[PDB]
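Chain letters run A, B, ... following the sequence lines, proteins first and then strands; every chain starts at 1. The analysis underlying the following values was restricted to heavy atoms, covering all of them including side chains, and did not include hydrogens, waters or symmetry mates.
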Amino acid sequence: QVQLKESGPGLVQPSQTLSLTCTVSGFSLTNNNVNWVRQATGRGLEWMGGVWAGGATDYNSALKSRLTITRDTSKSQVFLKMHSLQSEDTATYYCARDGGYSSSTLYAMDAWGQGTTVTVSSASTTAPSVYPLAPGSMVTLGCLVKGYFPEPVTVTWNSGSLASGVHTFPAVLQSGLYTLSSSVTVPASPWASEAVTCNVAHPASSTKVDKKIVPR
Amino acid sequence: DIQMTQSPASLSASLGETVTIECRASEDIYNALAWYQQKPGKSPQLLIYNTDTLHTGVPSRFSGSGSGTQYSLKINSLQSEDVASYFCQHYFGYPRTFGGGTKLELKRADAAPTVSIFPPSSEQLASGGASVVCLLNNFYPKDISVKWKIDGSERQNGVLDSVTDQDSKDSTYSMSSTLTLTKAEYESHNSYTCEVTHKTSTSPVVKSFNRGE
Ligand SMILES: [Cl-]
């Protein structure tokens, strides 16, 4: 029944402040420790700091100067506030519990939240432009989902009907904006006797785009 | 503070093999060490604590050992579900510190990439920019290289590549490489080629198209 859940603005501008909340259930903050851990690409896991059962706190050496972790025991909430955010602060943030001496697992972090993605960028929310990738017994086609922000977008082919043989690549950044390619491989037959469409969804901009791939 | 050095940073092993990951603390941590497993796209989970105690539900094929500054995690009879990144962490003093992690992937038979090249769409050129795309799908091992050539001459700049995580079903990888250039640049040349170098061949796999065709 132990559960931790992170929440908060998943998009923050540089130099600005990150404010996240960890809501726990199934245990009390009065006799448990809660830590904040972040995972940024290329930097494995990084312990940020934590707030202990009595309210005491300890922090990562590098982040101490701009990080403050607090809690509200009555609401079962732990808070993270970090200043002077920069690009490298983009990462998935997790809160995790350790029980201390009252637990068989001592100070190891035995329960983790699902994590919350944080992107630190000056870019503005932008819907993608979708371009076709047409060949110019099997055929590979695709669509280029270019210039959107922030992540993520989801791509399906013929509304999931072509689930087999789809490859959607990790997005890459260029001038603050993301671009991703998604490909689908289908029998030479379908390509000639049936329409193939890539359905792109971008939640953040409340947009859905359908691009039919037609022969060149 | 205490530094945690984990090796190897990455590892590929066959199903059924024995994997061994090391973690060295920069100072004696008196067994106050935990190991965490982070399966793909999931949160980290506690695997082992107090050096060798398995957390609830962790299978017996996992074991931890060590003392002083040297610790290790062992997985015997590696199973597909064990593909993940593993991290050690000490809790001897504050601040707590994590090792850099070890990324464990599955070995499988070599597979050559299926390569496809795509010219920019008429629609995108209207914008004044062009993206030429080369796909390299379902290959193994992951190591691969792409070289773009325009009218027979190599183009190094303006290229971005992206590779998928190992496929949970066929254990292969797929990669896309995109060469971006201005419309003027694109329209001033005719032959576009992507050359792919991979262990599976001794000369590059070449795919090309002519703008004028
Ligand atoms: Cl750390």
Side-chain angles (χ1 to χ4, degrees), chain A residues 41 130-146 151-158 160-174 178-188 190-191 196 198-200 213, chain B residues 10 12 39-41 80 83-85 103-119 131-148 159-180 193-201 204-209:
Chain A
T41 301
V130 183
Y131 303 115
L133 299 172
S137 74
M138 292 277 263
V139 186
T140 293
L141 305 174
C143 71
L144 177 65
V145 184
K146 183 163 177 159
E151 285 267 54
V153 292
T154 60
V155 183
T156 58
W157 286 86
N158 276 10
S161 142
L162 296 175
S164 165
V166 172
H167 289 295
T168 295
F169 303 91
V172 296
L173 207 60
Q174 186 147 69
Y178 292 102
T179 58
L180 155 170
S181 170
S182 177
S183 70
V184 67
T185 299
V186 303
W191 180 222
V196 178
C198 94
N199 320 105
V200 180
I213 311 309
Chain B
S10 55
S12 270
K39 284 174 159 56
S80 66
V83 171
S85 282
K103 186 172 186 186
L104 182 60
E105 289 169 292
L106 212 40
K107 277 182 158 183
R108 58 100 76 202
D110 287 354
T114 291
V115 188
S116 307
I117 187 173
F118 299 94
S131 289
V132 191
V133 175
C134 184
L135 303 186
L136 300 38
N137 294 329
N138 303 300
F139 62 87
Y140 188 88
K142 175 177 172 173
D143 183 55
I144 192 165
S145 191
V146 183
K147 178 186 306 308
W148 283 94
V159 181
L160 288 171
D161 311 310
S162 183
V163 303
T164 63
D165 294 326
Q166 181 169 52
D167 187 83
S168 61
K169 277 290 154 290
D170 65 31
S171 298
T172 62
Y173 296 93
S174 291
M175 182 177 119
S176 74
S177 175
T178 303
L179 166 71
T180 56
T193 301
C194 57
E195 292 187 355
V196 178
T197 288
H198 185 256
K199 171 183 185 310
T200 53
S201 56
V205 166
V206 177
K207 256 47 174 67
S208 306
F209 68 83

Worked check of side-chain contact (heavy atoms from CB on, under 4.5 Å) between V115(B) and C194(B):
CA-CA 9 Å; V115(B) 188; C194(B) 57; 4.1 Å; yes
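- Contact between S181(A) and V133(B) at its shortest, heavy atoms only, is OG-CG1, 4.5 Å.
- For the residue pair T156(A)/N199(A), the side-chain donor-acceptor check at 3.5 Å is satisfied.
- Pairing each heavy atom of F209(B) with each of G136(A), the nearest pair is CB-C, 4.2 Å.
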Is there a side-chain contact (heavy atoms from CB on, under 4.5 Å) between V155(A) and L180(A) once you walk through the steps?
CA-CA 10 Å; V155(A) 183; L180(A) 155 170; 4.2 Å; yes
Could you walk me through whether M175(B) and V196(B) pass side-chain contact (heavy atoms from CB on, under 4.5 Å), step by step?
CA-CA 11 Å; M175(B) 182 177 119; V196(B) 178; over 6 Å; no
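- Checked by atom type and distance alone, the side chain of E195(B) never pairs as donor or acceptor with a backbone atom of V206(B) at under 3.5 Å.
- Taken from OG in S174(B) to CG in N138(B), the straight-line distance is 4.5 Å, to the nearest 0.5 Å.
- Here the OH atom belonging to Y140(B) is positioned 4.0 Å from the OG atom belonging to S12(B), to the nearest 0.5 angstrom.
- With 3.5 Å as the limit, one finds a donor-acceptor pair spanning the side chains of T140(A) and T185(A).
- Taking CZ of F139(B) as the reference point, atom CD1 of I144(B) lies at 4.0 Å (rounded to 0.5 Å).
- For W157(A) against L141(A), the heavy-atom pair with the smallest separation is CH2-C, 4.5 Å.
- At distances below 3.5 Å, not a single donor-acceptor pair connects side-chain atoms of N158(A) with backbone N or O atoms of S161(A).
- The backbone N or O of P170(A) sits less than 3.5 Å from a side-chain atom of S162(B), completing a donor-acceptor pair.
- Contact detail for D170(B) and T172(B): the closest heavy-atom pair is OD1-OG1, 2.6 Å.
- Residues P190(A) and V196(A) are not in side-chain contact: their nearest non-hydrogen atoms beyond the backbone lie 4.5 Å or more apart.
- Note that CD1 of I117(B) and CH2 of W148(B) are 4.5 Å apart. Values are rounded to the nearest 0.5 Å.
- Rounded to the nearest 0.5 Å, atoms OG (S80(B)) and CD (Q166(B)) are 10.0 Å apart.
- Residues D161(B) and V172(A) come closest through the heavy atom pair O-CG1, 3.9 Å.
- A 6.0 Å sphere centred on NZ of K199(B) holds no more than 12 heavy atoms belonging to other residues, nucleotides or ligands.
- Smallest separation of non-hydrogen atoms from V130(A) and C198(A): CG1-SG, 3.8 Å.
- The shortest side-chain heavy-atom distance between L133(A) and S182(A) does not fall under the 4.5 Å cut-off.
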Walk me through whether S183(A) and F169(A) qualify under side-chain contact (heavy atoms from CB on, under 4.5 Å).
CA-CA 8 Å; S183(A) 70; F169(A) 303 91; 4.1 Å; yes
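- Using a 4.5 Å cut-off on side-chain heavy atoms (C-beta onward), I213(A) and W191(A) make contact.
- If you take OG1 on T180(B) and NZ on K146(A), they are separated by 6.0 Å, rounding to the nearest 0.5 Å.
- The main-chain N or O of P141(B) is found under 3.5 Å from a side-chain atom of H198(B) such that the two form a donor-acceptor pair.
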